[PDB]
Amino acid sequence: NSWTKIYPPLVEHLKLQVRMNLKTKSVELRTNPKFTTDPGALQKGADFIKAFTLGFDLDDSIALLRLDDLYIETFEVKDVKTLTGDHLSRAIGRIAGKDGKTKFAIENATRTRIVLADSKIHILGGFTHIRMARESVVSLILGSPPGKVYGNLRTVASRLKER
Amino acid sequence: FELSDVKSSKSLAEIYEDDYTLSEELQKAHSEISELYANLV
Amino acid sequence: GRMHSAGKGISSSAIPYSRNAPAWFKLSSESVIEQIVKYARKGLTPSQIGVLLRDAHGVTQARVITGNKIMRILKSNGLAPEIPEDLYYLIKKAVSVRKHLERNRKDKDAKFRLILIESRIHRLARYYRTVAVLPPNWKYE
Amino acid sequence: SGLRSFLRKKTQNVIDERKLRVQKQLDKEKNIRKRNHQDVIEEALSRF
Amino acid sequence: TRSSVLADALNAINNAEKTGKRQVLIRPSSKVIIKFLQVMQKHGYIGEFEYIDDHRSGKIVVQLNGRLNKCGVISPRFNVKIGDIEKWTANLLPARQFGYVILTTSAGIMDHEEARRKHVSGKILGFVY
RNA sequence: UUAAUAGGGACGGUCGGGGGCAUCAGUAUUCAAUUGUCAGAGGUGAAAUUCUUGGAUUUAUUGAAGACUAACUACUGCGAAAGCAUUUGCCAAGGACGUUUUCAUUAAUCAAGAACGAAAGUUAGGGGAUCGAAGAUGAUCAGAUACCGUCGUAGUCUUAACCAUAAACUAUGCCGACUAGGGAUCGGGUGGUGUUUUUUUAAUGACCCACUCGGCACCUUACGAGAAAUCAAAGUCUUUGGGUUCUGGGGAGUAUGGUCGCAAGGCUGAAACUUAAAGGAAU
């Protein structure tokens, strides 16, 4: 349903040859020698599709194409702490918070996007910014109460604006 | 300061766009307050 | 209703209401009795005997067809068991697990089922001693 | 509430996918009835 | 485990008249039960009731009209002399002439009025009111 | 005399991440051999101990050791509980289902006693890859990243005995009956049905619908109960009897000619001494 807004930027601005393979269920991308001009366009398109594949919103994914210094940071809760059963589920809930609020508080403060795909976390933004987000989420996994993290999020945000 | 706890309407390109391009809202608030006083005066 | 287990399963035989022989059954009672003799002489137990007759000879129940239960038919003509059939099979299951426990001494669970089964033997052995079916001096192993 | 609501939200979801899917199994069976209602070698190999 | 088939029967009757079923099923059946039911029917508390036999203890299906306020079994079945009966009618019934108290005597199971009339006594089974 | 919608035993095909003994696989970690190259590698918020031109790290071909079974993994399964996830075989055990096979009351509750009993811990052997109480050592700058880094003892594994404790939870004695609906799932069985299947080797499946038991549970409600949270039991028509074991008989403040304690001050030095240096305050 979103594809009507996916291929135009790839084909027009990046001058790339687009397709998706119904047989292999893959998005198919190529560089056109006679039209493509930017050598880095092809990897840029591939990175953008991955962001949508990981679960990020399309408009957020466009940022990968618009800007050149955006990276996606990925890790697992198991990497942080050994949580299983209800403890694991509660940790996921703590990250999201009521109505997904806590995720948005990190999101707005640290100036990134976070996709909470079950126990898999993906963070999109600038290299410093994603690290700033990554510190908040790891704290929540370990047992930090959210409203306490909300306080620290205000502090870092105050520093972001003044810089 | 209060940090928004809901999803941001603006996309990262948009806020990045905003950064590329003391407070106008603060001067707006002065304008009505002056307007209210002029009417009240 | 299981003791030594939490199961409440109710699967079981449902005796028909009518206590007369089936109309389609057209075999002499004496011929049935002789067949009972042959299987027991061969070494089959009364429970097994009833299965074969019901399966292959149309004998719904020994009692309904002949008017007498199988064992009394066996006891009438000189065939009787050493120990009651339920008690009998209980012992080998105790023997087999004990033989097992000899080779496998780490089988803590088998040690338990040995406790459960012997207690079942003790209760059942006590009952038959009361009824005098089993001699008073009898003890389990 | 809390964890219990999250488990509750998911079960009603699973019930929803089941409803959509049973309705569709009816839909083909409604499609099949309409269809039923309305080279030599290729014949030689038709069984395969 | 089962201790009083009669107790189970009366409990089932009470629950059925509780929730408004017009008919109620009882199992196992017994002579004490069935005679208690005949007494109830003679006092009229219960309508038609109907004995299943299955070559085993048996069952009963009982027609309810909703006029059973309460039926209970007093356990264990205390011995009761002729003089004591009034005391029992005082304890178990809402008022003196209100309801009945069921006694097994040498002449069988009957209500306390009939036992008084026949000058018989025995041990107690329960109450109905 | 029945063969209890009491119970026992049996037999038929199943079913289980139930148990033990062997057996097979699997990457991953560490270590070792060889192999190509060259300046860093590691680590944290910022760093330093540490390794490294005898070649570190990384690349690739292998081998050895000890643990452990990812993803599949589920409000799903088994076990009384604690707990139990690779293949194959042996060993015995078992729930449920089917049965027109068998005992005939053999049953419920309950002392002492007994079996086991997560993790940790003790004694004596083996093993010791990883992680790791303790101990040693680098750094001790900066508060979201504020306790990290390296070495690492006991332990983490196993054999034979001790220790018997967990939020070992329904934060909730047991046995029996009855008192609402609904559709999802697991195992068994019954009927129907047309798709996947398939053919005289044999052997037997999968899906759909309905029915029936037994299991983990779940949604909506209690003509009942509770003050309520809530409860298909924590329910049994006003106040009470189905059977049975164990246990039990104010909150929040104020005031104080009392009791008991704690406590004020005047620069320090500095007092029997109007006494130095050096500090404190002020500037």
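Chains as they are written, first to last, in the authors' numbering: chain SW, 111 to 273; chain NA, 398 to 418, 426 to 445; chain NF, 2 to 142; chain LW, 495 to 532, 544 to 553; chain LE, 2 to 130. All residues carry an ideal CB built from backbone N, CA and C; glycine is no exception.
Check	Outcome
Beta carbon proximity, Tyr413(NA) to chain SW, threshold 8 Å	yes
Extent of the continuous alpha helix (DSSP H) to which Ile50(NF) belongs	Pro47 to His58
CB contact check: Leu497(LW) to chain SW, cutoff 8 Å	yes
C-alpha distance - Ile437(NA) paired with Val445(NA), whole-angstrom precision	12 Å
8 Å Cβ shell around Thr61(NF) - same chain, five flanking residues per side excluded	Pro17, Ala22, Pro23, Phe26 and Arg55
The segment 10-25 of chain LE contacting the segment 90-100 of chain LE, beta-carbon criterion three pairs below 8 Å	no
N- and C-terminal bounds of the alpha helix (DSSP H) containing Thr184(SW)	Premise fails: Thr184(SW) lies in the beta strand (DSSP E), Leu180 to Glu186, not in any alpha helix (DSSP H).
Segment contact flag, the segment 238-251 of chain SW with the segment 186-200 of chain SW, C-beta cutoff 8 Å, min 3 pairs	yes
Cutoff 8 Å: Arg200(SW) Cβ touching any chain LW Cβ	yes
DSSP beta-bridge partners of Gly150(SW)	Partner(s): none; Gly150(SW) has no beta bridge.
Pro118(SW) classed as buried or exposed, judged by whether at least 16 other C-beta atoms fall within 10 angstroms	exposed
Beta carbon proximity, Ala219(SW) to chain NA, threshold 8 Å	yes
8 Å Cβ cutoff met for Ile66(NF) and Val33(NF)	yes
Straight-line Cα distance separating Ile205(SW) from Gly261(SW)	15 Å
Three or more C-beta pairs below 8 Å linking the segment 29-46 of chain LE and the segment 106-117 of chain LE	yes
Alpha-carbon spacing of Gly207(SW) relative to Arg527(LW), whole angstroms	51 Å
Limits of the alpha helix (DSSP H) - the one that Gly257(SW) falls within	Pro256 to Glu272
Length of the line joining the Cα atoms of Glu83(NF) and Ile71(NF)	16 Å
CB contact below 8 Å: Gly257(SW) versus chain LW	no
Chain SW within 8 Å of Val403(NA), Cβ atoms only	yes
Short CB-CB distance (under 8 Å) between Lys211(SW) and chain NA	yes
Selection from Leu104(LE), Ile86(LE) and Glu18(LE) that minimises the alpha carbon distance to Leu69(LE)	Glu18(LE)
Closest by C-alpha distance to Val98(NF), when choosing among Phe113(NF), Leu88(NF) and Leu45(NF)	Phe113(NF)
Beta-carbon spacing of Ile103(LE), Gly123(LE) below 8 Å	no
Residue burial classification, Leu550(LW) (beta-carbon count within 10 angstroms, cutoff 16)	exposed
Segment limits, beta strand (DSSP E) that includes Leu226(SW)	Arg223 to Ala227
First through last residue of the alpha helix (DSSP H) which encompasses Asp112(LE)	Premise fails: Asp112(LE) lies in the beta strand (DSSP E), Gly109 to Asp112, not in any alpha helix (DSSP H).
Three-state secondary structure assigned by DSSP to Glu83(NF)	coil
Residues near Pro137(NF) by beta carbon distance below 7 Å, same chain, minus five either side	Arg130
Rounded straight-line distance, which links the Cα of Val403(NA) to that of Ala215(SW)	7 Å
Buried versus exposed, by CB contacts within 10 Å (16 or more), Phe398(NA)	exposed
Residues that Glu138(SW) bridges to, as DSSP identifies them	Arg129(SW)
Boundaries of the beta strand (DSSP E) in which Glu51(LE) is found, first to last residue	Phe50 to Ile53
Buried versus exposed call for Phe237(SW) [16 or more other C-beta atoms within 10 Å across all chains shown]	exposed
Nearest candidate by alpha-carbon position, reference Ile172(SW), set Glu411(NA), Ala442(NA) and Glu429(NA)	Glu411(NA)
Nearest-angstrom Cβ-Cβ length linking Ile182(SW) and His232(SW), presumed shorter than 8 Å	6 Å
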